[PDB]
Amino acid sequence: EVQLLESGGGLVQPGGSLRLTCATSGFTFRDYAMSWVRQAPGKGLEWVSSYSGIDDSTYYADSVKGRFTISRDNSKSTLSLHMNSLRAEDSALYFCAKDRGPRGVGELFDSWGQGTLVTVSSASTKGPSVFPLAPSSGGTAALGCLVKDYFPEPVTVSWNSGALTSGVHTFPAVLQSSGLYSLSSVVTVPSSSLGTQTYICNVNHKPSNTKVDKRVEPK
Amino acid sequence: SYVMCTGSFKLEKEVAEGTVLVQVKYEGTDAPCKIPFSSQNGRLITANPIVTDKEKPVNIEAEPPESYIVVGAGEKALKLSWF
Amino acid sequence: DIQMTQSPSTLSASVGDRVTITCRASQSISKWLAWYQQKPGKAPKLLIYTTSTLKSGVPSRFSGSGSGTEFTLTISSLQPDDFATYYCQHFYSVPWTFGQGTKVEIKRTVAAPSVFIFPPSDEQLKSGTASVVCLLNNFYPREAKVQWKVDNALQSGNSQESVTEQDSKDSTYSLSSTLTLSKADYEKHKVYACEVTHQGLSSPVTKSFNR
């Protein structure tokens, strides 16, 4: 029943500010300590801040001290994180966390939200370029889409809308030597099935408000 | 402007007198910090209970009304009972 | 601050085996340690707190022991939905700190990759670049090595690969290396191949094509 939804993340230049908000619904927001914990890509968990559940006590990680401030609204039952003088190392997934019991100081992180991504970079937002990985020679089948030269990171991809998901491997994006991401999503179907059905990869990139539906015919 | 303690408190002595005394040493790294003292009338004679050192014990005198005296907060709050 | 360290960093074990993870603290945290589990793509899930107390809903094959400086998390009979990265976090006092993480791997029978090559699309060539893609599908272990040959010439500083986290139905992996040249020097050669070596492959395998 406890559900947390973080919002406010996105791309921002160094030295800039941002403000995340955490909307809650399934518990008495008043009585609990609430926390912010971040996870940079391919790395571990790092506690950012905690707001006590017995008073207005705030706790901050050293790297963050003096720059972020955690605020609490027990009317809308929301938890805000104000980020200032943002640095390159602050880029990460920002999770909103709930303490296991009431009237605590945020010892545990019992219930998490799905996170909100924060990219700090002077780089410009650039929509991807989708290219087809067309098949011809081979075992079973292979069939892909190459999502190239985009920034920032959040890019999603389905196949035939949401219909096709069996035998689909979407890959983590790599960072190219140009400061841009490259991703590749594939699906493997039987050889006999290549003729009957069409295959359209649905690539989505919100930071640039781009949506591409790309067919992939054989070679 | 201090802030509440996030560590636990280890008990050392509890006595009587019409009031109670409690000697607690602090386990934590965030000192100096305010001591989260609560009773579950219930009054704290000690003014502004504060830890200033992990090594140094702290004396806390409380005037309870049977209820628990809760020194600390969270998963490791020291819960006691008195009459 | 108190700095946690986990052991091992990566761990391989088959389903049904009893597996152990260790957390060491820079100083005594008494019994104030918790264990979280994080699945790929999802948020962490608190499994244990106060060393040994299980969170409600957690199966009883998990069990935390230890005290003071050394702690252990134990899985009695490894299960399908037990592959994940496990963190330990002290709540002795602020700042709260985690361990570097222990990603546990589901061992299975060694599998060789099915390898497929994709030539550049005409659309991309219209833009001045050429991307050949090489896909390795369904292979365990994940230590699989790719190499790009162009007219039998090995490439260097020329490709980027990306592996997927362990599959959830066959426990296999899948990587995708992307070799990218410019239209100019792509049109200057004929045959493109990605040679692949793996433990399951008796001898290296080569997929290729001529433009």
# chains A, B, ... in the order shown; residues from 1 in each chain; ligands from 1
$ residues_around --residues "residue 25 in chain A" --least-positions-apart "5" --cutoff "12 Å" --atoms "only C-alpha atoms" --output "ChimeraX atom specification"
/A:1-5,30,74-79,98,113
$ write_last_selection --atoms "C-alpha atoms" --output "PDB file, in the first residue's frame"
ATOM      1  CA  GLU A   1       0.000   0.000   0.000  1.00  0.00           C
ATOM      2  CA  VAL A   2       2.977   2.262   0.669  1.00  0.00           C
ATOM      3  CA  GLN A   3       3.891   3.913  -2.635  1.00  0.00           C
ATOM      4  CA  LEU A   4       6.444   6.658  -3.285  1.00  0.00           C
ATOM      5  CA  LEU A   5       6.777   8.603  -6.544  1.00  0.00           C
ATOM      6  CA  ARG A  30       3.624  12.886   9.767  1.00  0.00           C
ATOM      7  CA  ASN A  74       3.138  17.099   6.044  1.00  0.00           C
ATOM      8  CA  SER A  75       0.078  18.676   4.382  1.00  0.00           C
ATOM      9  CA  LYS A  76       0.594  17.313   0.866  1.00  0.00           C
ATOM     10  CA  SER A  77       2.645  14.494   2.446  1.00  0.00           C
ATOM     11  CA  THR A  78       5.598  15.212   0.158  1.00  0.00           C
ATOM     12  CA  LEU A  79       9.374  15.189   0.613  1.00  0.00           C
ATOM     13  CA  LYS A  98      10.674   5.464   4.000  1.00  0.00           C
ATOM     14  CA  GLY A 113      10.316   4.761  -4.940  1.00  0.00           C
TER      15      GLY A 113
END
$ residues_around --residues "range 16-23 of chain A" --least-positions-apart "6" --cutoff "9 Å" --atoms "only C-alpha atoms" --output "ChimeraX atom specification"
/A:3-10,76-87,94-96,113,116,118,120
$ closest_residue --among "B:41, B:14, B:6, B:68" --to "residue 91 in chain C" --atoms "only C-alpha atoms"
B:6
$ interface_residues --of "chain B" --to "chain A" --cutoff "12 Å" --atoms "only C-alpha atoms" --output "compact mmCIF listing (two decimals) with N, CA, C and O atoms, in the first residue's frame"
# COMPACT_ATOMS: atom_id res chain seq x y z
N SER B 1 22.55 25.46 17.34
CA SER B 1 21.34 24.72 17.02
C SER B 1 21.67 23.25 16.78
O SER B 1 21.96 22.84 15.65
N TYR B 2 21.61 22.45 17.84
CA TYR B 2 21.99 21.05 17.77
C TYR B 2 20.89 20.22 17.10
O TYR B 2 19.82 20.72 16.75
N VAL B 3 21.16 18.93 16.93
CA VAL B 3 20.27 18.01 16.23
C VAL B 3 20.20 16.70 17.01
O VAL B 3 21.14 16.33 17.72
N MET B 4 19.08 16.00 16.87
CA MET B 4 18.85 14.79 17.64
C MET B 4 19.92 13.74 17.37
O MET B 4 20.55 13.72 16.31
N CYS B 5 20.11 12.86 18.34
CA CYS B 5 21.09 11.79 18.23
C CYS B 5 20.53 10.63 17.42
O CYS B 5 19.39 10.21 17.62
N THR B 6 21.35 10.10 16.51
CA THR B 6 20.96 8.97 15.68
C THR B 6 21.50 7.64 16.19
O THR B 6 21.12 6.59 15.65
N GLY B 7 22.35 7.65 17.22
CA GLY B 7 22.88 6.42 17.78
C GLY B 7 22.02 5.88 18.91
O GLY B 7 20.96 6.41 19.24
N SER B 8 22.51 4.80 19.51
CA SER B 8 21.84 4.16 20.63
C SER B 8 22.44 4.63 21.94
O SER B 8 23.45 5.34 21.99
N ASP B 30 27.92 11.08 15.69
CA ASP B 30 27.32 12.37 15.36
C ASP B 30 27.24 13.31 16.55
O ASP B 30 26.50 14.30 16.50
N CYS B 33 24.98 15.95 20.10
CA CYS B 33 23.63 15.84 19.57
C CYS B 33 22.63 15.86 20.71
O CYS B 33 22.93 15.44 21.83
N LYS B 34 21.43 16.36 20.42
CA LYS B 34 20.34 16.34 21.39
C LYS B 34 19.88 14.91 21.64
O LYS B 34 19.83 14.09 20.72
N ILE B 35 19.54 14.61 22.88
CA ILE B 35 19.12 13.27 23.29
C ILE B 35 17.62 13.16 23.05
O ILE B 35 16.85 13.90 23.68
N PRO B 36 17.15 12.26 22.17
CA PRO B 36 15.71 12.03 22.05
C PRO B 36 15.16 11.29 23.26
O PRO B 36 15.19 10.05 23.33
N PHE B 37 14.64 12.05 24.23
CA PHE B 37 14.06 11.50 25.44
C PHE B 37 12.54 11.64 25.37
O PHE B 37 12.03 12.73 25.09
N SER B 38 11.84 10.54 25.60
CA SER B 38 10.38 10.51 25.56
C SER B 38 9.87 9.55 26.63
O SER B 38 10.58 8.64 27.06
N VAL B 70 11.54 5.89 27.32
CA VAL B 70 12.18 5.62 26.04
C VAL B 70 13.26 6.67 25.83
O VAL B 70 12.96 7.83 25.54
N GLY B 72 16.35 7.54 23.41
CA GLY B 72 16.71 7.15 22.07
C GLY B 72 15.52 7.22 21.14
O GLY B 72 14.42 7.64 21.51
N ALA B 73 15.75 6.80 19.90
CA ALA B 73 14.69 6.81 18.90
C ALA B 73 15.04 5.81 17.80
O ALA B 73 16.21 5.57 17.51
N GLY B 74 14.00 5.24 17.21
CA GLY B 74 14.19 4.35 16.08
C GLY B 74 14.36 2.90 16.49
O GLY B 74 13.96 2.45 17.56
N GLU B 75 15.00 2.15 15.58
CA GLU B 75 15.10 0.71 15.73
C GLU B 75 15.81 0.29 17.01
O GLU B 75 15.70 -0.87 17.41
N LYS B 76 16.53 1.21 17.66
CA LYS B 76 17.38 0.85 18.79
C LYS B 76 17.15 1.77 19.98
O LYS B 76 18.03 1.95 20.82
N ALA B 77 15.96 2.36 20.07
CA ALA B 77 15.63 3.17 21.24
C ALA B 77 15.62 2.30 22.49
O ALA B 77 15.04 1.20 22.50
$ interface_residues --of "chain C" --to "chain A" --cutoff "6 Å" --atoms "only C-alpha atoms" --output "PyMOL selection string"
chain C and resi 46+91+100+118+164
